[PDB]
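A quick write-up on the structure given underneath.
FYI, it's all coordinate maths here, none of it is from the lab. FYI the Cβ positions are ideal-geometry reconstructions off the backbone, even for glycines, and counts take in every protein chain you see.
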Amino acid sequence: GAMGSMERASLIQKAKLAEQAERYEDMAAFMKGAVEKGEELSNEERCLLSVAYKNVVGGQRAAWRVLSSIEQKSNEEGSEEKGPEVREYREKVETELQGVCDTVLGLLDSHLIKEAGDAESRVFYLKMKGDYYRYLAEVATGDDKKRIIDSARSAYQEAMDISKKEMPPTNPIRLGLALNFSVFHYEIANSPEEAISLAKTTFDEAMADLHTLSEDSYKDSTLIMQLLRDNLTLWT
Amino acid sequence: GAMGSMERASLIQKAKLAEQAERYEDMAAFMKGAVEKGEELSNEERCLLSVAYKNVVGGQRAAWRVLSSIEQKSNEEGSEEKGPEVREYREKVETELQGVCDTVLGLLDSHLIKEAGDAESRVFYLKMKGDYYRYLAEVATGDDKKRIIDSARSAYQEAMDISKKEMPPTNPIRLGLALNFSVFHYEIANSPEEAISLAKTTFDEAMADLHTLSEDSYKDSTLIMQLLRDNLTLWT
Amino acid sequence: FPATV
Amino acid sequence: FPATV
Ligand SMILES: *SCCN[C@@H](O)C(C)(c1ccccc1)c1ccccc1
Ligand SMILES: *SCCN[C@@H](O)C(C)(c1ccccc1)c1ccccc1
Ligand SMILES: [Mg+2]
Ligand SMILES: [Mg+2]
Ligand SMILES: [Mg+2]
Ligand SMILES: [Mg+2]
Ligand SMILES: [Mg+2]
Ligand SMILES: [Mg+2]
């Protein structure tokens, strides 16, 4: 790996500099190098890892959707044949996206998840595993599409089971997991009713636990509760 | 070159798709491949080339300024020593920026400028040459800094001489050249009075020529005139 | 699109 | 920063 010669602390420092400069590809490469040092990640370092790759793949997904929309329009009735170029370029972006997802899933599998024993870290990584299988599912069309969808479901489900046993209902990692698993149900698994039920039940159970929280914890939890409410409003 | 096997028309088509997807690195690579086919560029293709690289280097300059600011703060009195990391990462981004500028200047030199005979194309390319030497000048600190600055000046000056002889004072390429050369005077050459004089004289001479223009040409010209006025307001 | 974190 | 095109 190109980052093998750099100190772990220097990679963490440069990941933070890249975030400040909005250089998320650099940020992800630095955090990939940090993970490959083999030590477990701190809470802050987990956020650096997730922020970097969320921004990288987020840009790829946005571009893929633009190109996929153009491609679908070119395949409509009455459209002039433009050649293979739109499909080729959509495929290029799709392949790069899949490469990033495979990279993240590889870091989780070798060996972040198996060494994560605390509920907070294990749920965080399993949520990430569900997320990046979900991104693969968004572009999947082949023989393994159902297996990709079930890999996302399985990761999300294990994270949910741990989070319900080991974390309070206002825990922001538990809330963000539920938010994303709900979106998985709605957009990937064609289960809008399960999506709505999960978002509402997550919101209500967090609402009843807010009284236990400090002002700062309250702000964290209510911010994600608002995202659950936003989705429920979009879906109902 | 990685694009040598793709049709010129397909590269142009994919450059436009990349622009729609805001994938400017892809857009620049496609347009680099198109230029290296060896044929001259059309008016529209020149815009594809300039838009792609302007966005790529614009992002690098923004990141370089963030990192340079952090570096200067770390070198102030009372600042804690953080190690070489900030300088290293600023140097990394700086080196990538210089590589892009060298790439663009290489395309202009081999062989866009020497084949550009019409005033519109020749001024366009010479303005680009001034622009990318200006970007090199922004990060230059070594023995060749004055030579980089003079390379920018020389390119801008040849473009100005042609544009004053061969284009009307409302021509948008002539106006954009004057806008950027004025910024060169202000920010690079430490000549704010020349910057202000050029912006004002360019604005006034365009104003007096607007009566000759169609509605659509009027919109093009007045849009860039407003940018000249914006800079004059910033500088006075 | 719906919100995810 | 000043405007350039
Ligand atoms: S780890 C990056 C910053 N954390 C936030 O994005 C967020 C919402 C979160 C929640 C679940 C998974 C990933 C990220 C968060 C976490 C903790 C406290 C507040 C917000
Ligand atoms: S070529 C990309 C689009 N052209 C505009 O950015 C702009 C302002 C221009 C002007 C000078 C150099 C480069 C770009 C322009 C050109 C022509 C008409 C209107 C605007
Ligand atoms: Mg070490
Ligand atoms: Mg594919
Ligand atoms: Mg249930
Ligand atoms: Mg051919
Ligand atoms: Mg240097
Ligand atoms: Mg003069």
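Structure values in brief
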read-out: Fluctuation leader among A:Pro84, A:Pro169, A:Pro192 - chain A, Gaussian network, Cα springs under 10 angstrom; value: A:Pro84
read-out: Within segment A:1-134: Cβ-based charge dipole about Cα centre, in debye rounded to nearest 20 (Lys, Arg +1; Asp, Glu -1); value: 300
read-out: Cα centre as origin, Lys/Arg/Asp/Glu Cβ charges: segment A:96-196 dipole, Debye; value: 200
read-out: Relative contact order, percent, segment A:105-236 [alpha-carbon distance under 8 Å, six or more residues apart]; value: 21
read-out: Dipole magnitude of segment A:159-236 about its Cα centre (Cβ charges: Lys, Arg +1; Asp, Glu -1), debye to nearest 20; value: 20
read-out: Positive-end residue, chain A charge dipole about Cα centroid, Cβ charges, pick of A:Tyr135, A:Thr212, A:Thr202; value: A:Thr212
read-out: Residue with peak Gaussian network fluctuation, chain B [Cα springs, cutoff 10 Å], from B:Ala206, B:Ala18, B:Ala62; value: B:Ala62
read-out: Relative contact order (%) - chain A, alpha-carbon pairs under 8 angstrom, separation at least six; value: 12
read-out: Under 27 Å from B:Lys164, Cα to Cα: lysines that are on another chain or at least 8 residues apart; value: B:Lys54, B:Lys114, B:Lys127, B:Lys129, B:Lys146, B:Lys200, B:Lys219
read-out: Nitroxide proxy distance, nm - points 7 Å out along Cα→Cβ at B:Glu205 and A:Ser79; value: 4.9
read-out: Hydrodynamic radius of segment A:21-95 per Kirkwood, over alpha carbon pairs, in Å; value: 14.7
read-out: Which of A:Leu136, B:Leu234 has the fewest Cβ neighbours within 10 Å, and the rest in rising order; value: B:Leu234, A:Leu136
read-out: Within a Gaussian network of chain A (alpha carbon springs, distance under 10 Å), most fluctuating of A:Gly176, A:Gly142, A:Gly130; value: A:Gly142
read-out: Helix-only mean residue ellipticity at 222 nm for the protein assembly as shown, each DSSP H run of n ≥ 4 adding -39500 (n - 2.57), per residue, nearest 500; value: -25000 deg cm²/dmol
read-out: Ranking of A:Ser191, B:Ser163, B:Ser214, B:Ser110 by count of other Cβ atoms within 10 Å, fewest first; value: B:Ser214, B:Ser110, A:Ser191, B:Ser163
read-out: Nearest-0.05 FRET efficiency for B:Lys165 and A:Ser217, computed from C-beta distance (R0 60 Å); value: 0.30
read-out: Environment charge of A:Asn171, counting only residues whose C-beta is closer than 15 Å and scoring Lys/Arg +1, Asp/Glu -1; value: -1
read-out: Whether segment B:50-188 is rounded, prolate or oblate, judged on the alpha carbon gyration tensor where a/c under 1.5 counts as rounded; value: prolate
read-out: Ranking of B:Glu81, B:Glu158, A:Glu39 by count of other Cβ atoms within 10 Å, fewest first; value: B:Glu81, A:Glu39, B:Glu158
read-out: Förster radius 30 Å - calculated FRET efficiency between B:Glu7 and A:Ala62 (Cβ-Cβ, nearest 0.05); value: 0.65
read-out: Global form of chain B, assessed from the alpha-carbon gyration tensor, a/c cut-off 1.5; value: oblate
